[PDB]
Undergrad: 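Would you mind keeping the following structure in view while I ask a few things?
The first residue of the sequence shown is numbered 1, and numbering continues consecutively from there. Indexing begins at 1, ligand by ligand and atom by atom, following the structure's order.
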Amino acid sequence: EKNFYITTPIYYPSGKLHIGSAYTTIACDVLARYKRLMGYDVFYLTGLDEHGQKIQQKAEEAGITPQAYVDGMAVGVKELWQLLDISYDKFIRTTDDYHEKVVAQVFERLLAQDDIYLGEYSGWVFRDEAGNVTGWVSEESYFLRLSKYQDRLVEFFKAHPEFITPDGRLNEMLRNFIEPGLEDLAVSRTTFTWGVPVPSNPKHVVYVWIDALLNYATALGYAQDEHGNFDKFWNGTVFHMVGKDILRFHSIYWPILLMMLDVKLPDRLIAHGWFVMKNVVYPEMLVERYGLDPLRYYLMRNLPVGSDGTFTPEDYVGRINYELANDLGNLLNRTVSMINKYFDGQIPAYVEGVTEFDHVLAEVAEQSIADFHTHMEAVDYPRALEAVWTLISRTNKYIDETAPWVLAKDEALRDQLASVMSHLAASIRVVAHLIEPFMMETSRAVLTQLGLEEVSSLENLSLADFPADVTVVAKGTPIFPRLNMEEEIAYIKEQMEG
Ligand SMILES: CSCC[C@H](N)C(=O)NS(=O)(=O)OC[C@H]1O[C@@H](n2cnc3c(N)ncnc32)[C@H](O)[C@@H]1O
C-alpha cells in the first residue's frame, strides 16, 4: 500500500560505534519492520558521512589515503549492523561516486539560481590600540541564502505543527534560530581537500553538512538516470530520525535546500535524547553474553520521549531477569506445561466469557493493542512496550484469579479450565506479535512453542482471532537465560572498567 521512507543520520566513521549510534539504527529498524508488518511499502536507509577535516587528519596519522581509511571503518560498521539484525534496504557512503556527482551538480545549480553566492567568510572582548578586536576566521566562501526563504520556512512550521516530534522541539527551533532572523550559511571550505570539490572553483570543497544532508535524496537516485525510488518514496511519507543536537541541520537547512530544488519537504523529524552509560559499553560485549533481543528491548524501552536515558549494569540484568525471564518466559513455560498436562497438547477452541475473568482479559488485550498502535505511530517505544507488558502483567494475574490447578480437580469445571488455557495461548500469541519488530527471534520461538507460525502481519490483530487445531510442543525450552544476577552485574562492570 502507501509508501514509507525512514532514514538514520549518516554517522561519522571516526571510531568504533558504541550504544549511542546503535540506538538510532535499531530504532529506525524497529519502525521499518513495524511499517512492513502493517502492510506499508517501506524503504529504510542508513550509511556513513565520510568527508571532513577531522577524518582527513585521522587518515594521515594512520599513514594512508582518506579513501582507504573510511573503507577500513565502513567494514566495521556493516559488521555491527549485521550483528544487530538491521534490515536496511540500502547503505550509502558519501564517497560513493554517484553521490559526489549529484552534490557537485546541486551546488552548481544553486549557484546558477543565485541561491548560493560567493562572499567572504568572516567572524569569531579584547582590543588593540585602534579599537579593533583581536580576541578570527577569514576566508573566501560561498554562502547559502537562508534569509531569502525565512518567511516561507516560518509558514511551513506554522502549517505543520507536527513536523518535529516530540512536542516543544519545534518551538525551540523557532525561538532559538528562526524567529530572531536566519543568517546566510557558509557552505564551502578551503582549509582542507577531503570533500566534494566545487566544479567552478575546485579550491573550495562543499561544507560536509550540505554533502551529508543530500544523502537522503541521492540514495533514491535523485538527479540520476535510475530515479524510480526517488519519485516513489520521496513523494510518499518521509521520516528522518535524528538526535536533538543535529535538529537545526535537518529542520532549517534541509527544508530550505529542498525549497530551492523544488521538491517535497519531509513529513516528520523524530528528535530524541542522549543515551548515557553509567563508562563505555560496546554492543558486541552485551550481545555475545546475553543475546541480541535483550539489547534491542533494553535500548528501545529505556530512552523516554522528551528526555535522556541511562544504562546501568543493574537495570540491564534486572530487566532480563524480571521483565523477560519471569514475566514473559515463565508465563509461556507454564502455559505450555498446563496445555500438555490437561489437554494433551491440544489447545482448546477459543470461547469467550466462560469464566468471570475472561471478559476482563479480553478488554485489556483490545486496549493494549490499541495503545501499542497509538504509541508506535508516535514512535514512543517505552510506552508501546509498557502497553505490551500491561497485557503480560494482566495475563499473569488471570492465572492467579482463575486458579487452573483448582479448576482441574473438578470435572464440572472442564469448560472453564479449557477457556483459561485458550485465553493464555491467545494472549501470548498477541504478545509475540506485538514484540516482533523489537525481538524477532524471541517472537518466533514463543510462537513455535505454542505450535504457531511466525508473524506475517500486524493488521487486524485481536485476542479471539486464533487458528484452529493447534498443538504445542511436547517439551518446552526456556527462551531467556536464568542469570546469576550478582555475577552478571560484576561481569558487566568488569568489562566496562577493563
Ligand atoms: C545528514 S545526517 C549527518 C549526521 C552527522 N554525520 C553526525 O552527527 N554523525 S555522528 O556520528 O555524530 O552521529 C550523531 C547521531 O548518532 C546518534 N547518537 C550518537 N551518540 C548517541 C547517544 N549517546 N545517544 C543517542 N544517540 C546518539 C544520534 O542519532 C545522533 O544524532
Undergrad: Which protein heavy atom lies closest to atom 13 (O) of ligand 1, and at what distance to 0.1 Å?
TA: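 Result: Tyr11 CD2, 3.5 Å.
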
Undergrad: Classify the contact between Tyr12 and ligand 1 as side chain, backbone, both or neither, using a heavy-atom distance cut-off of under 4.0 Å.
TA: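 Both backbone and side chain.
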
Undergrad: Given the ring of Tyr40, does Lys35 sit roughly above its face, with NZ or CZ under 6.0 Å from the centre of the six-membered ring and within 45° of the axis?
TA: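 Yes, cation above the ring, under 6.0 Å and within 45°.
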
Undergrad: Please identify which atoms of ligand 1 are closer than 4.0 Å to at least one heavy atom of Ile246.
TA: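 Heavy-atom distances to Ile246 below 4.0 Å select 8 (O), 31 (O).
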
Undergrad: Has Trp274 got any heavy atom lying under 4.0 angstrom from an atom of ligand 1?
TA: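 The answer is yes, since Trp274 has a heavy atom less than 4.0 Å from ligand 1.
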
Undergrad: Pull out every atom of ligand 1 sitting under 4.0 Å from any heavy atom of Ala212, numbered as shown with elements.
TA: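 Listed by number with element: 1 (C).
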
Undergrad: Distance to the ring centre below 6.0 angstrom and angle to the axis at most 45 degrees; does that hold for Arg248 and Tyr253?
TA: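 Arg248 over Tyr253 ring: no.
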
Undergrad: For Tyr216, which part has a heavy atom under 4.0 Å from ligand 1: side chain, backbone, both, or neither?
TA: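 Side chain only.
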
Undergrad: Has the side chain of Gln150 got a donor or acceptor atom that lies under 3.5 Å from a matching backbone atom of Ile178?
TA: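 Indeed, once roles are kept as given, a pair shorter than 3.5 Å links the two residues.
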
Undergrad: Can you pull out the closest protein heavy atom to atom 28 (C) of ligand 1? Residue, atom name and distance to 0.1 Å, please.
TA: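 Heavy-atom neighbour on the protein nearest atom 28 (C) of ligand 1: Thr24 OG1, 3.7 Å.
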
Undergrad: Between ligand 1 and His272, can you find any atom pair, the residue atom being a heavy atom, that is separated by under 4.0 Å?
TA: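 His272: in contact with ligand 1 (<4.0 Å).
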
Undergrad: Looking only at protein heavy atoms, which one is nearest to atom 31 (O) of ligand 1, and what is the separation?
TA: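 Of every protein heavy atom, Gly243 N, 3.0 Å lies nearest to atom 31 (O) of ligand 1.
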
Undergrad: Tell me whether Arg296 forms a cation-pi arrangement with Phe438, defined as NZ or CZ under 6.0 Å from the six-membered ring centre and within 45 degrees of its axis.
TA: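 Judged by the rule (NZ or CZ under 6.0 Å from the ring centre, within 45° of its axis), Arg296 is not positioned above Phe438.
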
Undergrad: Look at the aromatic rings of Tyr142 and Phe107 and report parallel, tilted or perpendicular, splitting at 30° and 60°.
TA: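 Aromatic pair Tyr142/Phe107 classed perpendicular.
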
Undergrad: Can a salt bridge be assigned to the pair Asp97 and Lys101 using a cut-off of 4.0 Å between side-chain N and carboxylate O?
TA: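 Not counted as a salt bridge, because no side-chain N and carboxylate O are separated by less than 4.0 Å.
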
Undergrad: Could you check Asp29, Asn215, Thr8 and say which one makes a side-chain hydrogen bond (donor to acceptor under 3.5 Å, both in side chains) with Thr46?
TA: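 Of the listed options, the one satisfying the test is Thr8.
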
Undergrad: Among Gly20, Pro9, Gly15, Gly47, which residue places a heavy atom closest to atom 21 (C) of ligand 1?
TA: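 Residue with the shortest heavy-atom distance to the ligand atom: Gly20.
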
Undergrad: Tell me the nearest of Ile10, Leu17, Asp308 to atom 5 (C) of ligand 1, using heavy-atom distances.
TA: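 Comparing heavy atoms across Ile10, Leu17, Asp308, the nearest one to atom 5 (C) of ligand 1 lies in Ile10.
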
Undergrad: Looking at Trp389, is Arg301 sitting on its ring face, NZ or CZ under 6.0 Å from the six-membered ring centre and within 45 degrees of the normal?
TA: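 So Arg301 does make the cation-pi contact.
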
Undergrad: Against heavy atoms of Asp49, which atoms of ligand 1 measure under 4.0 Å?
TA: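 With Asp49 as reference, the close atoms of ligand 1 come out as 3 (C), 5 (C), 6 (N).
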
Undergrad: Show me which atoms of ligand 1 lie under 4.0 Å from any heavy atom of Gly273.
TA: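 Going through ligand 1 atom by atom, the ones under 4.0 Å from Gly273 are 25 (C).
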
Undergrad: For atom 24 (N) of ligand 1, what's the nearest protein heavy atom and its distance?
TA: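 For atom 24 (N) of ligand 1, the nearest protein heavy atom comes out as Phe275 N, 2.8 Å.
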
Undergrad: Check if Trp209 has a non-hydrogen atom at a distance under 4.0 Å from any atom of ligand 1.
TA: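 The answer is yes: ligand 1 sits under 4.0 Å from a heavy atom of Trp209.
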
Undergrad: Decide if atom NZ of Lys58 counts as having more than 12 heavy atoms of other residues, nucleotides or ligands within a radius under 6.0 Å.
TA: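 No - once you tally the heavy atoms of other residues, nucleotides and ligands closer than 6.0 Å, there are 12 at most.
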
Undergrad: Honestly, is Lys90 close enough over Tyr44, meaning NZ or CZ under 6.0 Å from the six-membered ring centre and within 45° of the axis?
TA: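 Judged by the rule (NZ or CZ under 6.0 Å from the ring centre, within 45° of its axis), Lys90 is not positioned above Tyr44.
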
Undergrad: Should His250 be listed as contacting ligand 1, given a heavy-atom distance under 4.0 Å as the test?
TA: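 Flag set, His250 near ligand 1.
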
